[PDB]
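S.K.: Have a look at this one.
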Amino acid sequence: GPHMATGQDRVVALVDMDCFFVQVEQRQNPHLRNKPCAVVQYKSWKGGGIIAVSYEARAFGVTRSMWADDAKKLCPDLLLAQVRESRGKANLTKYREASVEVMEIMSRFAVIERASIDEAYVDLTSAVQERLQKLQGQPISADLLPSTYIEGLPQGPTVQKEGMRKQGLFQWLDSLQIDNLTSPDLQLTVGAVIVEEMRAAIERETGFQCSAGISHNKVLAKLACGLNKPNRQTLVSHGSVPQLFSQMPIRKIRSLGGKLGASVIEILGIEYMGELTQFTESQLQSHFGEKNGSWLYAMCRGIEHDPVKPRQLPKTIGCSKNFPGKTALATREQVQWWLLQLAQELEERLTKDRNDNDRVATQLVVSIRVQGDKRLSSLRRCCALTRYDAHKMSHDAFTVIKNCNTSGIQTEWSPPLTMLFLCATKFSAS
DNA sequence: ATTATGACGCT
DNA sequence: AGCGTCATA
Ligand SMILES: [Mg+2]
Ligand SMILES: [Mn+2]
Ligand SMILES: [Mn+2]
């Protein structure tokens with residue numbers, strides 16, 4: 001009864017930019033605004049590979065991973081922006097720098113966890129307590145929540161979408177008990193008020209729109225965020241979880257989109273997150289391991305304890321290039337030239353990082369893929385990173401991979417390399 | 001011939 | 001350490 005922990009102690013948000021690389025290009029080039037458009041890398045093979053798609057273009061069925069030539073078949077007027085190429089490779093610097101713009105604004109409200117190039121988690125628990133105490137037990141007006149959806153509402157005893165949003169929000173606000181500063185639903189609501197302010201700040205100061213989820217933990221916040229994209233935010237309350245999860249495919253929950261999620265489905269013969277509640281913690285641990293089992297047992301009840309880590313900066317800096325089909329590297333001079341290209345971009349990014357962030361990387365990881373290999377990486381080797389010098393880093397990388405060459409001849413490289421990867425890791429303050 | 005990343009888990 | 005999983009533009 002009184003001891004049943006409910007995963008209501010925190011207020012957590014996830015803020016995720018809408019169509020992020022597309023918005024970065026639309027800010028730069030006004031001709032692309034409010035149009036079906038996509039961001040592409042490379043051009044020569046099938047028009048290039050799409051990595052971001054505006055919502056206008058999604059209406060035509062354009063998706064990520066699509067070749068631009070194929071996307072053009074669905075959407076003949078599709079506009080395209082190309083990722084920068086430097087030193088023979090795609091260069092994502094413009095988007096990394098746009099990410100920093102957003103992360104710095106978010107950091108003004110609370111400590112954030114950078115979760116990708118375009119999203120961060122926010123622990124709003126403390127901020128919510130402070131806003132609650134200056135609120136003086138005064139009700140929260142719908143006007144403070146102009147882009148907020150309350151998941152699961154309206155319900156019970158208008159055919160426009162905004163009309164439905166407000167009806168749900170009205171039901172929610174009508175039910176609230178603003179008299180209780182410890183009420184989780186109230187805390188989430190004030191959390192949502194703060195996230196409206198955060199999202200307004202991001203749009204004002206960068207031009208970029210975003211969506212957000214507000215709940216009691218990271219997994220629910222992430223799930224919530226996607227429910228009403230673009231340019232809206234969604235509150236998923238603890239009470240909303242049973243209905244939400246009753247028809248929620250297991251794969252939709254973060255970390256269950258791959259082999260583990262498939263195994264949950266196959267082994268237990270279920271489809272939806274809610275169905276997990278009928279297994280004991282020990283049953284789930286028996287199939288999926290101690291850690292996953294306990295996590296699943298709590299997660300299907302809406303409960304998760306993973307903290308929002310205080311980390312705003314990436315903890316690795318890497319450079320990678322595929323060499324597909326007939327472009328695979330088959331000579332020593334080829335392999336060395338591309339290690340140099342990668343190492344030169346890595347040095348540029350590392351030196352910037354050292355100046356900006358007062359740290360130095362101490363380990364260099366080198367990874368390659370060989371033709372025929374089923375996997376992402378065929379081989380990974382580390383060595384010391386002692387100087388921010390591209391020629392040394394590329395020479396060192398070659399030394400660690402030198403023996404992968406199976407050719408008797410040393411001038412040729414076999415089997416040909418289909419991927420090179422340089423990653424700087426193990427930072428120390430400097 | 002999706003590509004370029006980046007975090008974290010396992011042994 | 002090196003490998004595997006899962007994730008996002
Ligand atoms: Mg996406
Ligand atoms: Mn996004
Ligand atoms: Mn994202």
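Numbering starts fresh at 1 for the residues of each chain in the structure tokens, the chains themselves are lettered A, B, ... in the order given, and ligands are numbered from 1 as they appear.
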Find the spatial neighbours of residue B:11, counting only C-alpha atoms (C1' of nucleotides), within a cut-off of 12 Å - ignore same-chain residues fewer than 4 positions away - and output them as a ChimeraX atom specification.
M.R.: /C:1-4
S.K.: Using the selection just defined, write its residues with N, CA and C atoms (P, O5', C5', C4', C3', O3' and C1' of nucleotides) as a JSON list (two decimals), in the first residue's frame.
M.R.:
```json
[["chain", "number", "residue", "atom", "x", "y", "z"],
["C", 1, "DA", "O5'", 42.07, -0.73, -23.21],
["C", 1, "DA", "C5'", 43.25, -1.52, -23.24],
["C", 1, "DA", "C4'", 43.03, -2.81, -24.00],
["C", 1, "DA", "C3'", 42.41, -2.67, -25.39],
["C", 1, "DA", "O3'", 43.03, -3.58, -26.29],
["C", 1, "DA", "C1'", 40.93, -3.87, -23.92],
["C", 2, "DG", "P", 42.97, -3.31, -27.88],
["C", 2, "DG", "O5'", 41.62, -4.03, -28.33],
["C", 2, "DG", "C5'", 41.61, -5.43, -28.52],
["C", 2, "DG", "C4'", 40.19, -5.92, -28.69],
["C", 2, "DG", "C3'", 39.48, -5.39, -29.94],
["C", 2, "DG", "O3'", 38.97, -6.50, -30.66],
["C", 2, "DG", "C1'", 38.13, -5.12, -28.00],
["C", 3, "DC", "P", 38.19, -6.32, -32.05],
["C", 3, "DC", "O5'", 36.70, -6.79, -31.69],
["C", 3, "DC", "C5'", 36.48, -7.80, -30.70],
["C", 3, "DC", "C4'", 35.01, -7.85, -30.29],
["C", 3, "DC", "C3'", 34.02, -7.47, -31.40],
["C", 3, "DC", "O3'", 33.08, -8.51, -31.60],
["C", 3, "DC", "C1'", 33.57, -6.26, -29.38],
["C", 4, "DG", "P", 31.90, -8.36, -32.69],
["C", 4, "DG", "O5'", 30.64, -7.90, -31.81],
["C", 4, "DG", "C5'", 30.32, -8.60, -30.62],
["C", 4, "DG", "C4'", 29.09, -8.00, -29.96],
["C", 4, "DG", "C3'", 27.96, -7.63, -30.93],
["C", 4, "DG", "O3'", 26.74, -8.15, -30.45],
["C", 4, "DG", "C1'", 28.55, -5.75, -29.60]]
```
S.K.: Where in stretch 138-380 of chain A does DSSP assign strand (DSSP E), given as a compact mmCIF listing (two decimals) with N, CA, C and O atoms, in the first residue's frame?
M.R.:
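Written file, selection_25.txt:
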```txt
# COMPACT_ATOMS: atom_id res chain seq x y z
N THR A 148 1.07 22.77 -25.34
CA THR A 148 1.13 21.54 -24.55
C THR A 148 -0.06 20.61 -24.77
O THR A 148 -1.22 21.03 -24.73
N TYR A 149 0.25 19.34 -25.01
CA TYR A 149 -0.73 18.24 -25.06
C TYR A 149 -0.67 17.46 -23.78
O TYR A 149 0.42 17.18 -23.28
N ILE A 150 -1.83 17.11 -23.24
CA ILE A 150 -1.87 16.19 -22.11
C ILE A 150 -2.24 14.79 -22.62
O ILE A 150 -3.37 14.56 -23.07
N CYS A 210 11.32 23.18 -31.90
CA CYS A 210 11.58 21.88 -31.30
C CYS A 210 10.32 21.37 -30.63
O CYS A 210 9.35 22.10 -30.41
N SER A 211 10.35 20.09 -30.29
CA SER A 211 9.29 19.47 -29.52
C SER A 211 9.87 19.01 -28.19
O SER A 211 11.09 19.03 -28.00
N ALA A 212 9.00 18.61 -27.26
CA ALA A 212 9.49 18.15 -25.97
C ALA A 212 8.52 17.22 -25.31
O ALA A 212 7.33 17.28 -25.58
N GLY A 213 9.05 16.35 -24.44
CA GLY A 213 8.23 15.51 -23.58
C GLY A 213 8.52 15.85 -22.13
O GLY A 213 9.67 16.11 -21.76
N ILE A 214 7.48 15.87 -21.30
CA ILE A 214 7.63 16.10 -19.87
C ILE A 214 7.01 14.92 -19.15
O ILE A 214 5.83 14.62 -19.35
N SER A 215 7.81 14.23 -18.34
CA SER A 215 7.31 13.14 -17.51
C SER A 215 8.17 12.97 -16.27
O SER A 215 8.86 13.90 -15.85
N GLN A 233 4.66 20.17 -27.36
CA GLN A 233 5.21 19.39 -26.25
C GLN A 233 4.10 18.59 -25.60
O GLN A 233 2.94 18.98 -25.65
N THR A 234 4.47 17.46 -25.01
CA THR A 234 3.49 16.53 -24.49
C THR A 234 3.84 16.12 -23.07
O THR A 234 4.99 15.75 -22.81
N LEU A 235 2.86 16.21 -22.17
CA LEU A 235 2.99 15.77 -20.78
C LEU A 235 2.43 14.34 -20.66
O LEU A 235 1.26 14.09 -20.99
N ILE A 317 35.50 12.39 -29.67
CA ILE A 317 35.47 13.14 -30.93
C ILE A 317 36.02 12.22 -32.02
O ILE A 317 37.16 11.77 -31.95
N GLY A 318 35.19 11.89 -33.01
CA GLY A 318 35.57 10.91 -34.02
C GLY A 318 35.33 11.35 -35.45
O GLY A 318 34.52 12.25 -35.71
N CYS A 319 36.04 10.70 -36.38
CA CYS A 319 35.98 10.97 -37.81
C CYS A 319 35.89 9.61 -38.49
O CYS A 319 36.71 8.74 -38.20
N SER A 320 34.92 9.42 -39.37
CA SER A 320 34.69 8.13 -40.00
C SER A 320 34.32 8.27 -41.47
O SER A 320 33.58 9.19 -41.83
N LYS A 321 34.80 7.35 -42.31
CA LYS A 321 34.36 7.32 -43.70
C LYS A 321 34.26 5.90 -44.23
O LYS A 321 35.18 5.10 -44.05
N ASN A 322 33.13 5.60 -44.86
CA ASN A 322 32.95 4.36 -45.62
C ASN A 322 33.54 4.46 -47.02
O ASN A 322 33.58 5.52 -47.63
N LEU A 329 39.51 0.78 -50.39
CA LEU A 329 40.92 1.12 -50.50
C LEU A 329 41.78 -0.13 -50.72
O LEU A 329 41.74 -1.06 -49.93
N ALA A 330 42.56 -0.13 -51.80
CA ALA A 330 43.28 -1.35 -52.18
C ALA A 330 44.79 -1.16 -52.24
O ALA A 330 45.53 -2.11 -52.50
N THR A 331 45.26 0.06 -52.01
CA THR A 331 46.69 0.34 -52.00
C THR A 331 47.12 1.01 -50.70
O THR A 331 46.30 1.61 -50.00
N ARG A 359 40.22 20.82 -22.07
CA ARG A 359 40.49 19.40 -21.90
C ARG A 359 41.35 18.90 -23.05
O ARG A 359 41.44 19.55 -24.10
N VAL A 360 41.97 17.74 -22.85
CA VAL A 360 42.77 17.09 -23.87
C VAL A 360 42.47 15.61 -23.95
O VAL A 360 42.39 14.92 -22.93
N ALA A 361 42.30 15.11 -25.16
CA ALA A 361 42.13 13.69 -25.38
C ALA A 361 43.47 12.96 -25.20
O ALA A 361 44.52 13.50 -25.56
N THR A 362 43.44 11.76 -24.64
CA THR A 362 44.68 11.03 -24.38
C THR A 362 44.78 9.68 -25.09
O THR A 362 45.83 9.04 -25.07
N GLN A 363 43.69 9.24 -25.71
CA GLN A 363 43.74 7.95 -26.40
C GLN A 363 43.17 8.10 -27.81
O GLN A 363 42.21 8.83 -28.01
N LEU A 364 43.81 7.43 -28.76
CA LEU A 364 43.34 7.40 -30.15
C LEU A 364 42.90 5.98 -30.49
O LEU A 364 43.67 5.04 -30.37
N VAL A 365 41.64 5.84 -30.88
CA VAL A 365 41.09 4.56 -31.28
C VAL A 365 41.05 4.50 -32.81
O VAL A 365 40.59 5.45 -33.45
N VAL A 366 41.54 3.41 -33.38
CA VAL A 366 41.50 3.23 -34.83
C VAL A 366 40.67 2.02 -35.18
O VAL A 366 40.88 0.94 -34.63
N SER A 367 39.69 2.20 -36.06
CA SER A 367 38.81 1.11 -36.44
C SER A 367 38.76 1.00 -37.95
O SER A 367 38.83 2.01 -38.66
N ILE A 368 38.69 -0.22 -38.45
CA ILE A 368 38.55 -0.44 -39.89
C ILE A 368 37.51 -1.52 -40.16
O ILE A 368 37.14 -2.30 -39.27
N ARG A 369 37.01 -1.54 -41.38
CA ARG A 369 36.14 -2.62 -41.82
C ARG A 369 36.76 -3.20 -43.07
O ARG A 369 37.34 -2.47 -43.87
N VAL A 370 36.66 -4.51 -43.23
CA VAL A 370 37.25 -5.13 -44.40
C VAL A 370 36.14 -5.71 -45.26
O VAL A 370 35.10 -6.12 -44.75
N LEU A 379 37.70 -4.45 -36.94
CA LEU A 379 38.84 -4.40 -36.04
C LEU A 379 39.04 -3.03 -35.40
O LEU A 379 38.95 -2.00 -36.07
N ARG A 380 39.33 -3.04 -34.11
CA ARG A 380 39.50 -1.81 -33.34
C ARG A 380 40.74 -1.90 -32.47
O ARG A 380 40.90 -2.84 -31.69
```
S.K.: How close does chain C get to stretch 1-7 of chain B? List, as a Markdown table, each residue of chain C within 10 Å, its nearest atom pair and the distance in Å to one decimal, counting only C-alpha atoms (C1' of nucleotides).
M.R.:
```
| residue | atom | partner | partner_atom | distance |
| --- | --- | --- | --- | --- |
| C:6 | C1' | B:7 | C1' | 9.0 |
| C:7 | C1' | B:7 | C1' | 8.3 |
| C:8 | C1' | B:5 | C1' | 8.7 |
| C:9 | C1' | B:4 | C1' | 8.8 |
```
S.K.: Can you check which residues of chain A have any atom within 9 Å of chain B? Use only C-alpha atoms (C1' of nucleotides) and format it as a compact mmCIF listing (two decimals) with N, CA and C atoms, in the first residue's frame.
M.R.:
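Wrote it out as iface_5.txt, contents follow:
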```
# COMPACT_ATOMS: atom_id res chain seq x y z
N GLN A 41 23.74 13.82 -48.17
CA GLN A 41 25.18 13.71 -48.20
C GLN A 41 25.64 12.96 -49.44
N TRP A 45 26.26 9.09 -56.08
CA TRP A 45 25.52 7.83 -56.02
C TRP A 45 24.04 8.10 -55.73
N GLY A 49 22.51 10.59 -50.22
CA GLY A 49 21.71 9.92 -49.21
C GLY A 49 21.04 10.93 -48.30
N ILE A 50 19.73 10.81 -48.14
CA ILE A 50 18.98 11.73 -47.31
C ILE A 50 19.19 11.45 -45.82
N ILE A 51 19.53 12.48 -45.05
CA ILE A 51 19.69 12.28 -43.61
C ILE A 51 18.73 13.13 -42.78
N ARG A 64 14.29 9.57 -44.24
CA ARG A 64 15.68 9.29 -44.08
C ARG A 64 16.13 7.95 -44.67
N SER A 65 17.37 7.90 -45.10
CA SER A 65 17.99 6.71 -45.72
C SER A 65 17.62 6.55 -47.19
N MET A 66 16.65 7.33 -47.64
CA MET A 66 16.24 7.31 -49.04
C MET A 66 17.31 7.98 -49.90
N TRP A 67 17.58 7.43 -51.08
CA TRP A 67 18.41 8.14 -52.05
C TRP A 67 17.63 9.32 -52.59
N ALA A 90 32.23 14.00 -45.93
CA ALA A 90 31.18 14.80 -45.32
C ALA A 90 31.72 15.42 -44.04
N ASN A 91 31.35 16.67 -43.79
CA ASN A 91 31.80 17.38 -42.61
C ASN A 91 30.59 17.97 -41.91
N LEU A 92 30.37 17.56 -40.66
CA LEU A 92 29.13 17.91 -39.95
C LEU A 92 29.27 19.11 -39.01
N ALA A 115 22.07 14.09 -25.36
CA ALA A 115 21.75 12.72 -25.70
C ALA A 115 21.98 12.41 -27.17
N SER A 116 22.02 13.46 -27.98
CA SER A 116 22.37 13.35 -29.40
C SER A 116 22.75 14.73 -29.90
N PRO A 314 30.10 16.16 -25.82
CA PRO A 314 30.41 14.76 -26.18
C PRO A 314 31.69 14.29 -25.48
N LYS A 315 31.79 13.02 -25.11
CA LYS A 315 33.00 12.54 -24.43
C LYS A 315 33.96 11.83 -25.39
N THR A 316 33.61 11.80 -26.67
CA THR A 316 34.53 11.34 -27.71
C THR A 316 34.42 12.27 -28.91
N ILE A 317 35.50 12.39 -29.67
CA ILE A 317 35.47 13.14 -30.93
C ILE A 317 36.02 12.22 -32.02
N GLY A 318 35.19 11.89 -33.01
CA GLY A 318 35.57 10.91 -34.02
C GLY A 318 35.33 11.35 -35.45
N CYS A 319 36.04 10.70 -36.38
CA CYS A 319 35.98 10.97 -37.81
C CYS A 319 35.89 9.61 -38.49
N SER A 320 34.92 9.42 -39.37
CA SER A 320 34.69 8.13 -40.00
C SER A 320 34.32 8.27 -41.47
N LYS A 321 34.80 7.35 -42.31
CA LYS A 321 34.36 7.32 -43.70
C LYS A 321 34.26 5.90 -44.23
N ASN A 322 33.13 5.60 -44.86
CA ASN A 322 32.95 4.36 -45.62
C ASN A 322 33.54 4.46 -47.02
N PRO A 324 32.54 2.28 -50.00
CA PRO A 324 31.66 1.19 -50.45
C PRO A 324 31.99 0.70 -51.85
N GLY A 325 31.49 -0.50 -52.17
CA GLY A 325 31.62 -1.08 -53.49
C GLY A 325 33.02 -1.06 -54.06
```
S.K.: Mind dumping a table of every chain A residue within 9 Å of chain C, with the nearest atom pair and its distance in Å to one decimal, using only C-alpha atoms (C1' of nucleotides), sorted by chain and rising number, as CSV?
M.R.:
```
residue,atom,partner,partner_atom,distance
A:19,CA,C:9,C1',8.4
A:20,CA,C:9,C1',7.1
A:21,CA,C:9,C1',6.5
A:51,CA,C:9,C1',5.9
A:52,CA,C:9,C1',6.3
A:95,CA,C:9,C1',8.7
A:115,CA,C:8,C1',8.8
A:116,CA,C:8,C1',6.2
A:117,CA,C:9,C1',7.2
A:118,CA,C:9,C1',7.6
A:254,CA,C:7,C1',8.4
A:255,CA,C:6,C1',6.2
A:256,CA,C:6,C1',8.3
A:257,CA,C:6,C1',7.5
A:258,CA,C:6,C1',6.8
A:259,CA,C:5,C1',8.2
A:377,CA,C:3,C1',8.8
A:379,CA,C:2,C1',8.1
A:380,CA,C:2,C1',6.4
A:381,CA,C:2,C1',7.4
A:382,CA,C:1,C1',8.5
```
S.K.: Measuring between only C-alpha atoms and all ligand atoms, which one of A:138, A:28, A:240, A:231 shows the shortest distance to ligand 2?
M.R.: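 Smallest distance to ligand 2 is found for A:231.
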